[PDB]
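Accompanying notes for the structure given below.
Please note: Cβ atoms are built from the backbone with ideal geometry, for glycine as well, and neighbour counts cover all protein chains shown. Each value in this text was obtained by applying a stated rule to the coordinates, not by laboratory testing.
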Ligand SMILES: Nc1ccn([C@@H]2O[C@H](COP(=O)(O)OP(=O)(O)O)[C@@H](O)[C@H]2O)c(=O)n1
Ligand SMILES: Nc1ccn([C@@H]2O[C@H](COP(=O)(O)OP(=O)(O)O)[C@@H](O)[C@H]2O)c(=O)n1
Ligand SMILES: Nc1ccn([C@@H]2O[C@H](COP(=O)(O)OP(=O)(O)O)[C@@H](O)[C@H]2O)c(=O)n1
Ligand SMILES: [Cl-]
Ligand SMILES: [Cl-]
Ligand SMILES: [Cl-]
Ligand SMILES: [Cl-]
Ligand SMILES: [Cl-]
Ligand SMILES: [Cl-]
Ligand SMILES: [Cl-]
Ligand SMILES: [Cl-]
Ligand SMILES: [Cl-]
Ligand SMILES: [Zn+2]
Ligand SMILES: [Zn+2]
Ligand SMILES: [Zn+2]
Ligand SMILES: [Zn+2]
Ligand SMILES: [Zn+2]
Ligand SMILES: [Zn+2]
């Protein structure tokens, strides 16, 4: 099998409801108290997209296929999968597309959370947010989405 | 010129019509009998995005520019282009965004088809599907889209 | 800190108005005389996404966070950031999603501009355009978007 450098991209989207004037969202392990997420899961697009980026990189079946609370269970599986396949994470770059919340205000916390759950250094993690210019389903605050991009580097 | 590791990302989108109650789509070389694709081409977002990921990685002009049935012709061009530029494929990770069909039900076939047409091992290929939460043009089954991410590794 | 190969992905979107029958857009440093961009910035999704791909790859704060004309200022920052962190650019692959303008007609100019501002060879750059099948906000010419994908390679 292929044991060289591997690229992965994870994608996720969840429906949200912003608590304006007319379950609580979790994002990179950080509770977002002014936004509700309409999902059976915790709605954490960052954690979910990171997991699928890792699975994708290794050619494993995705979380939905493998397993038809949970975000922590999936992140620990992914961490241990990387280890048992003799890989290290190089870096991860995460793009959140969302009107709200403001990722730059919670970046440090998200990066700390990701570093802890994956057992990597904060210097290996990037998380950035961009609005959708108030256009389309994301722009009208009906949903938020995440693209997670990762490199896995073979050990020795 | 640059002869080091290369990253590529391919994107494609095609209009579809799901055969519900009020040309046949091909996806990763697999016929999808309950979905029509409204395109001049075969509508195979997976094969097309894979080709453009390879061209993109190598800095070549895209399929639309190079060549203004066909999917097989383009995939063989891409395979031979990688070879003549002294590269091997590392791995490819493919993200389909679509309400239907269910990629996990046809994953094995798609992966087998990609491995055959690119002459690589199945362990170098990932294909995953995600819905769009029934929101927007993808969510309303008006279209399907694909992001293909690839690494090309120099030979010796 | 991590000093190995790094992946980055930049995303950007800007609102546009096509000058049909019932500020001027800049794209990869090329003026697009038949399209207006509705932004406080120059609206250059290519340059902006390239910058954020570089920042993302290195784990730096994004342009919006770092700096709350300008596109040239940000591209020179990114170039010098790569240098001071002891990295070289491997290659960059850029995907523009837009009905208009036609990227293939201005590809050579964009690639020349990117090579000049980043001080890299044209063989390290790919830029490709795809329509959105006249569907959604992009398809209805309300916006254009860019995904920039990059590898940074450590020096020696
Ligand atoms: N076109 C599709 C859609 C979903 N699926 C599978 O269904 C699972 C869940 O789909 P979903 O879009 O509802 O995602 P979640 O709501 O679980 O986050 C995915 O992880 C895939 O395994 C697929 O294989 N192909
Ligand atoms: N903004 C755009 C749109 C299309 N194009 C070119 O037109 C070709 C076909 O465009 P399209 O969006 O109709 O894609 P297909 O329907 O051929 O899959 C692309 O491959 C590009 O070469 C471009 O260069 N810039
Ligand atoms: N969900 C979001 C949205 C914006 N932002 C920040 O706000 C800056 C500008 O956001 P924007 O979507 O208006 O992008 P521009 O119009 O500046 O191109 C971004 O670069 C981020 O630093 C964020 O951190 N999280
Ligand atoms: Cl949801
Ligand atoms: Cl988008
Ligand atoms: Cl969207
Ligand atoms: Cl189509
Ligand atoms: Cl999307
Ligand atoms: Cl879309
Ligand atoms: Cl804008
Ligand atoms: Cl899109
Ligand atoms: Cl969009
Ligand atoms: Zn999710
Ligand atoms: Zn968009
Ligand atoms: Zn196509
Ligand atoms: Zn979306
Ligand atoms: Zn911008
Ligand atoms: Zn789309």
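On alpha-carbon atoms, Rg over Rh for chain B using Kirkwood Rh? Please report the intermediate quantities before stating the final value.
On the way: Rg = 15.5 Å, Rh = 15.8 Å.
Here Rg/Rh amounts to 0.98.
Two-decimal Rg/Rh of the protein assembly as shown from alpha-carbon positions, Kirkwood Rh?
On the way: Rg = 20.5 Å, Rh = 22.1 Å.
Result for the protein assembly as shown is an Rg/Rh of 0.93.
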- [ ] Using only atoms on other chains, find how many Cβ atoms lie within 10 Å of each Cβ of peptide B:99-112 and report the average.
- [x] 1
TODO: Using only the C-alpha atoms of segment C:1-90, find the volume of their convex hull and express it per residue in Å³.
DONE: 103 Å³
Task: Antiparallel bridges, percent of DSSP beta bridges restricted to chain C (to nearest 5) - done: 80 percent
Task: P(r) of segment A:70-156 over all Cα-Cα pairs, binned every 5 Å from zero, in whole percent - done: 3, 13, 20, 22, 17, 12, 8, 4, 1, 0
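Efficiency by 1/(1 + (r/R0)^6): what FRET value for residue C:88 and residue B:31, r their Cβ-Cβ distance, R0 = 56 Å, to the nearest 0.05? Before the final figure, lay out each step's value.
Values: r = 45 Å, r/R0 = 0.80.
In this case the efficiency is close to 0.80.
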Task: Residues residue A:19 and residue A:67, FRET efficiency given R0 of 41 Å [Cβ-Cβ distance, rounded to 0.05] - done: 0.85
- [ ] Shielding by partners for A:43-50, please: the mean number of other protein chain Cβ atoms within 10 Å of each residue's Cβ.
- [x] 0
